[PDB]
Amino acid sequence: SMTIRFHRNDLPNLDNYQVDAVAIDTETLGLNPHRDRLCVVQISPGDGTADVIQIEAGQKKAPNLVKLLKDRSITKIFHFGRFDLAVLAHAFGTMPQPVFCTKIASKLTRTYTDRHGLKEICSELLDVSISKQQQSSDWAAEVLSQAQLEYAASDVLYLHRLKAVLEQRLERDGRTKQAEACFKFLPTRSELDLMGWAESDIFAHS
């Protein structure tokens, strides 16, 4: 479709990615990065379109995508980047930075709710309804459905708008500096997950 570009292995070029921030999500075979391989990277330059990239089993390189991940002048926007950063670093050897996490930003601004999922915050903050996938998907399937492409694109099509609103909220309630420190630490939080502390709050007393 005009909204969703599908690719195998990597972006074909970075012509669409002369931007200051990109929105990223991933699909995997599950929540254990050492067991469950990366299957899809979905990314948007913020212009209302998305690229959905199918990652092959055993794929070690994605040079164009990795250029964006390494580029320190490009902010990588995630919703709950803690997981995606670990998966991406594990897959391609580069820990993306710098980052903005809309879920951390939601936790620091939407102090009246415990519901910080992407669907909930898109409805509340953007008046955008994204459909939640009900049946679980084998994202390692050789052929991905158009339904799967649409779900994957919906994860990134709105993160730039979400970041814009959450930055306003962070400034309004006075927590911009703390959010930024969380974003600076988040790559280390993901590293510690890969290293063996996925189940531990390193800052907890016990």
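Heads up: residue numbers just count along the shown sequence, starting at 1.
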Practice prompt. Please report whether at least a third of the other compared entries leave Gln135 without coordinates.
Written response: yes
Worksheet item: Quick one: higher average CA temperature factor, 179-187 or 17-25?
Response: 17-25
Worksheet entry | Residue stretch of maximal mean CA temperature factor, 100-108 vs 71-79 | 71-79
Fill in: Per the PDB entry, maximal CA B factor within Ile55, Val165, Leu144, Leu159
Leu144
Discussion item. Ranking the modelled residues of this chain by C-alpha B-factor as given in the entry, is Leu194 in the lowest, middle or highest third?
Written reply: lowest
Worksheet item: Against its chain's modelled residues, does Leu65's Cα B factor rank lowest, middle or highest third?
Response: highest
Item to complete: Could you tell me which third, lowest, middle or highest, the C-alpha B-factor of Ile130 occupies within its chain?
Response: highest
Practice prompt. Would you check the entry's CA temperature factor for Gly48 and let me know if it's in the chain's lowest, middle or highest third?
Written response: highest
Worksheet item: Among the modelled residues of its chain, does the C-alpha B-factor of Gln148 lie in the lowest, middle or highest third?
Response: middle
